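**Q**
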Amino acid sequence: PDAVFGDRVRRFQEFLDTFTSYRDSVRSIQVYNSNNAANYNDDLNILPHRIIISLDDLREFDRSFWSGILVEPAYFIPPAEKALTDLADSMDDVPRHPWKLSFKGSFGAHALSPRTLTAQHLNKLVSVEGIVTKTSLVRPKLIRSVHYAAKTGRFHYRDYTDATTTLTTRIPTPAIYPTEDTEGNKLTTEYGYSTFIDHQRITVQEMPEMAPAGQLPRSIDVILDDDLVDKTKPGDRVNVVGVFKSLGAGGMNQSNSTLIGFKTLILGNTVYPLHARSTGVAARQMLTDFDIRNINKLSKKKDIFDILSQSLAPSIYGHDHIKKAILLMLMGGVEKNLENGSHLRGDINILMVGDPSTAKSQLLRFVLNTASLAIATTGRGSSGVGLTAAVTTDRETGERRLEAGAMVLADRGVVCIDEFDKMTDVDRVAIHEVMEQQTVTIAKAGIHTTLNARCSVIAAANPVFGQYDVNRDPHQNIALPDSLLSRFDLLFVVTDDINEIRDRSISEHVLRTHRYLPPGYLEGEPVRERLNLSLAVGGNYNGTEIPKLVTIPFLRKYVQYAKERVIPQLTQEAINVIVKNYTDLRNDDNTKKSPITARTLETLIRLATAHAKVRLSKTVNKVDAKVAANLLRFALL
Amino acid sequence: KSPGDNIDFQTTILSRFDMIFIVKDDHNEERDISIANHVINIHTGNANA
Ligand SMILES: Nc1ncnc2c1ncn2[C@@H]1O[C@H](COP(=O)(O)OP(=O)(O)O)[C@@H](O)[C@H]1O
Ligand SMILES: [Mg+2]
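First to last, the protein sequences are chains A and B. The first sequence lines up with residues 17 to 59, 89 to 140, 150 to 311, 313 to 593, 640 to 738 when you count with UniProt numbering. Every letter in the second sequence is one number past the one before it in UniProt numbering, and letter 26, counting from 1, is 559.
Okay, structure coming up:
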C-alpha cells in the first residue's frame with residue numbers, strides 16, 4: 017500500500033461526494049444492469094462500467110488533482126479509478151469488473167494533433183482530433199486462463215498482464231501458459247471459463263481539412279480495450295482522449311541493439328466520433344424537454360409546413376416549392392420492408408435543372424450544411440468506383456477488402472450532387488440501381504456482395520444549351536434518359552426570367568443580405584471562420646426561438662425528432678386522393694417535363710408521408726395527400 | 534463574331550467570372566510607337582531609373 021495513492025483515493029472520494037452527477041450516473045448504470053439481469057432471470090444490453098468525468102468541474106474542485114491527471118496521469122488516474130470502484134461497490138452491496155474513467159472538457163495545451171504531438175507530451179493525457187485511417191480487427195486478448203486437472207479434478211487459473219493494460223510500469227513477469235500442474239498432471243484448457251478482452255488498434259491521421267495542403271500527413275496509433283472497440287470506422291473524424299505512452303526499450307538492450316526509437320501510442324480512454332461536413336458521422340443533438348415541448352408546439356399550427364420550408368434558406372429569395380421539396384426530402388418518407396423480402400423506397404430525390412446563377416449550388420451547399428449525414432459530390436470529380444465502392448488489398452490478412460464510396464457512406468442520409476449532367480455513362484448505370492433498389496451490388500474478382508446505399512439524392516444540372524428555352528420541348532432541353540427522370544421524384548426547372556419588379560426584389564433582398572454582422576462583431580472587423588465539429592451523441642436575421650422564422654439549429658432538432666419519433670401510416674382518405682390524382686396525371690393531355698410512370702405514384706405516397714412527419718401525425722390525412730399532389734403538379738406543370 | 538463565339542468553352546463560364554476584359558490590338562501608329570518606345574526604355578534601363 018502507498019500513502020500518496022490512498023490520499024489521492026480519498027481526494028477523489030471527496031470530489032465524487034461533491035458532485036452527485038457521477039454518483040447517480042453510477043446508480044443509473046447499475047440499475048440498468050440489474051433490471052436487464054432480472055428480466056433475463058424472469059423472461089438485452091449491458092452498459093459498460095465507466096463514467097464520463099468533466100475536467101472543468103475537477104479544475105473547480107481541486108487544481109492540484111486536475112493538473113495531476115493532465116500532466117502525470119499514471120499517478121493520478123488509477124487512484125481515481127479505485128475511488129470510483131469503491132463508490133460503486135458501496136451501493137452495490139444490496140443488489150466485479152473494475153470501473154474505468156473517461157474525460158471531457160477543455161484540455162488547454164493538451165488538445166493536440168497527430169502532427170503537433172511531440173515527445174514533450176509523452177506520459178501525459180492528450181486529446182487528439184483527427185481522422186481514422188486504419189482500424190485493425192477486433193481481437194480477443196487472454197487475461198485469465200482456466201484449466202482443469204482430470205486426475206485430481208480441480209480447476210486452476212493463471213492471470214496475464216502486459217504493459218498496455220496498466221498505466222504504471224511494473225516488473226515484466228512472463229508467466230507461461232500452464233499445460234501441467236505442480237504435481238505433473240496434464241491440464242485441459244477450459245474455454246468458456248477463460249476471460250478474453252477485446253483489443254483494437256486504430257490509426258488516427260490529421261484531418262485533411264486542417265492539414266498542410268502539400269505535405270505528407272502524420273499519424274498516431276491508439277489502443278482500445280473492451281468497451282471502446284468498434285466505436286469507429288475508417289473515414290470518421292474522431293477525438294481520442296488518452297495517455298501518450300512510450301513502451302519497451304528503444305534498442306537499448308543487447309538483443310534489440313535499430314532506430315525505431317521508443318514506440319509511441321495512445322492508451323485510449325475516450326473516443327468521440329465527431330460530425331464533420333461531408334463525412335460518415337451523422338450529427339446528433341441532445342433533445343431537452345423544453346425543446347420537445349417547443350417542437351410539439353410547432354406541430355399544432357396549421358401554417359407549420361410554410362414556416363419550416365421558408366426557414367430553410369432565408370438568404371435565397373423565392374424558390375419556395377424547392378424549399379418544400381427539400382424539407383420533405385429531409386423528412387424522408389417511410390421505407391417498407393415486405394414479408395417476402397421485397398423492398399419499397401421511402402427516400403425522396405430532387406433534381407434541379409435550369410439557368411446558371413439561380414441558387415442551385417447554394418441550395419446544395421445548404422443541404423450539405425443542414426442535413427445530418429449529407430455527402431457532397433461533383434460530376435466529373437468522382438467516378439463509378441468513387442460513388443459506389445472499390446476493392447483494395449489488406450496488408451495483414453492479405454485478402455481483398457472493400458472501400459465504401461459516396462453512396463455507401465451516405466447510407467440513411469443525403470448525397471448532394473453538383474453538375475449532375477457531367478457524369479460518365481458507367482457512373483449513371485451505377486446511379487440507376489442506387490436511386491431505386493437502394494443498394495449497390497458489386498461482383499469483382501472474387502468479391503460478390505451487396506451494400507446498403509439507402510440515400511436521398513439531390514442534384515443540380517445544367518441544360519445542354521446552357522440556358523432553358525421555353526419554346527423547345529424539355530426532352531432536348533434536359534437531355535437526360537427517361538429512366539433517370541423516373542428515378543427523381545421531383546424535377547424543378549428554374550428559369551432566370553427577367554422582370555423589373557422581380558429584379559428589384561432580387562436586388563433589395565441581396566443588398567439587405569450583404570449588410571449583416573454577427574453579434575459581438577464590430578463594423579469593420581472581418582468575420583473569422585471556425586471549422587465546424589459537432590459531437591454525435593447516441640430576409641429577417643432576428644430569428645430566435647420561433648418569433649416568425651425558425652432557426653437552423655432548431656430546424657435540425659425538429660427534423661431529428663420527426664425522423665426518430667413518428668412513422669406515419671396511410672389511411673383511405675389519403676389513398677383516395679392519391680389514386681385520383683395519379684389517375685388524372687397518367688391520362689392528362691398536358692405536356693409535362695418528366696414522364697409519368699408508376700414511380701410517380703409512390704412518389705406521391707412518400708411526399709404525403711413526408712408531410713405527415715412535418716405535422717408529427719401518426720396518420721396520413723387528406724391534407725397531406727393534397728399538399729403532396731399540388732407540390733408534384735407545380736414540378737410537373 | 535460574338536464574344537461567346539470566340540471563346541473555346543461554354544458561355545456559362547463567362548457569367549461565372551466577376552469582371553471580363555476583352556483586350557484589343559488597336560492597330561494604329563500613334564499607339565505602337567509609344568509601346569515600342571516603352572519597351573526600348575525597358576531594355577535600356579531608363580525605365581528602371
Ligand atoms: N434566388 C436567389 N436568391 C438569392 N441569391 C441568389 C438567388 N439565385 C442566385 N443567387 C446568388 O447567385 C450566386 C450564384 O450561385 P448559384 O446560383 O448557386 O450558382 P448555380 O445556379 O450555377 O448553381 C450565389 O452566390 C447566390 O447568392
Ligand atoms: Mg452552380
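Where is the CB? At the ideal position from N, CA and C, for every residue including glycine.
Can you list, in chain order, the residues of its chain with a C-beta nearer than 7 Å to that of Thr448 (chain A)? Leave out the 5 residues immediately preceding and following it.
**A** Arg455
**Q** Can you give the Cα-Cα distance for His487 (chain A) and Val495 (chain A), rounded to whole angstroms?
**A** Each residue's Cα considered, the two are about 10 Å apart.
**Q** Give, in chain order, every residue of the segment 543-577 of chain B whose Cβ lies closer than 8 Å to some Cβ of chain A.
**A** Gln543, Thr544, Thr545, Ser548 and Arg549
**Q** Which full runs of the alpha helix (DSSP H) of 4+ residues lie inside the segment 459-493 of chain A, going along the chain?
**A** 461-464 and 480-492
**Q** Identify which residue in A:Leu656, A:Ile381 and A:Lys714 has its Cα closest to the Cα of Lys664 (chain A).
**A** Ranking the options by Cα distance to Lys664 (chain A), first place goes to A:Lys714.
**Q** For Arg583 (chain A), count the other beta carbons within 10 Å of its own beta carbon; 16 or more makes it buried, fewer makes it exposed. Which is it?
**A** exposed
**Q** Mind checking whether the beta-carbon of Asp358 (chain A) lies closer than 8 Å to any heavy atom of ligand 3?
**A** Within the structure as shown, ligand 3 is missing, the only ligands being ligand 1 and ligand 2.
**Q** Where does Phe520 (chain A) fall in DSSP's three states?
**A** coil
**Q** Can you tell me whether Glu580 (chain A) is buried or exposed, with buried defined as 16 or more other CB within 10 angstroms of its CB?
**A** exposed
**Q** Considering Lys658 (chain A), what are the terminal residues of the alpha helix (DSSP H) in which it resides?
**A** It spans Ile653 to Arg666 - the alpha helix (DSSP H) in which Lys658 (chain A) sits, taken as one unbroken run.
**Q** Quick check: is the beta carbon of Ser412 (chain A) nearer than 9 Å to any beta carbon in chain B?
**A** yes
**Q** Would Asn532 (chain A) be called buried (16 or more neighbouring beta carbons within 10 Å of its own) or exposed?
**A** buried
**Q** Below 9 Å between beta carbons is the criterion; list the residues of the segment 516-547 of chain A that meet it against any residue of chain B, in chain order.
**A** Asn517, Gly521 and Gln522
**Q** Tell me whether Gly238 (chain A) sits in a helix, a strand or coil according to DSSP, three-state version.
**A** Correct three-state label for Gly238 (chain A): coil.
**Q** Which whole-angstrom value is the C-beta distance of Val721 (chain A) and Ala675 (chain A), which I expect to be below 8 Å?
**A** 5 Å
**Q** Give me, in chain order, the residues of the same chain whose beta-carbon lies closer than 8 Å to that of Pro194 (chain A); leave out the 5 immediate sequence neighbours on both sides.
**A** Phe250, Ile251, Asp252 and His253
**Q** Using a Cβ distance threshold of 8 Å, determine whether the segment 432-450 of chain A contacts the segment 403-411 of chain A, with at least three qualifying pairs required.
**A** They do not touch, by the three-pair rule.
**Q** Between the segment 535-555 of chain A and the segment 692-710 of chain A, do three or more beta carbon pairs fall short of 8 Å?
**A** yes
**Q** For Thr479 (chain A), which of A:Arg467, A:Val440, A:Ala459 and A:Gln493 has the nearest alpha-carbon?
**A** A:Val440
**Q** Does the count of Cβ pairs from the segment 47-57 of chain A and the segment 122-136 of chain A closer than 8 Å reach three?
**A** no
**Q** Identify the residues that DSSP records as bridge partners of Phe547 (chain A): which are they?
**A** A:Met407
**Q** Going by CA-CA distance only, name the one from A:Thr568, A:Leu221, A:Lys205 and A:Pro228 that's closest to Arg212 (chain A).
**A** A:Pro228
**Q** How close, in whole Å, do the beta carbons of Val389 (chain A) and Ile668 (chain A) come, if the pair is a contact with beta carbons under 8 Å?
**A** 6 Å
**Q** Taking 6 Å as the limit between beta carbons, can you name the residues of its chain near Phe345 (chain A), skipping five residues before and five after?
**A** none
**Q** By the DSSP assignment, the alpha helix (DSSP H) with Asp58 (chain A) in it spans what residues?
**A** In the DSSP assignment, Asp58 (chain A) falls within the unbroken alpha helix (DSSP H) covering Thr36 to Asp58.
**Q** For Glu105 (chain A), count the other beta carbons within 10 Å of its own beta carbon; 16 or more makes it buried, fewer makes it exposed. Which is it?
**A** exposed
**Q** So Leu705 (chain A) and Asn682 (chain A) are supposed to be a Cβ contact under 8 Å. How far apart are they, rounded?
**A** 7 Å
**Q** Just mark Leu577 (chain A) as buried or exposed, buried being the case when its beta carbon has 16 or more other beta carbons within 10 Å.
**A** exposed
**Q** Between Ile321 (chain A) and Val186 (chain A), which are expected to be in contact by the criterion C-beta below 8 Å, what is the C-beta distance as a whole number of angstroms?
**A** With 8 Å as the limit, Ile321 (chain A) and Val186 (chain A) do not qualify as a contact, their Cβ atoms being about 13 Å apart.
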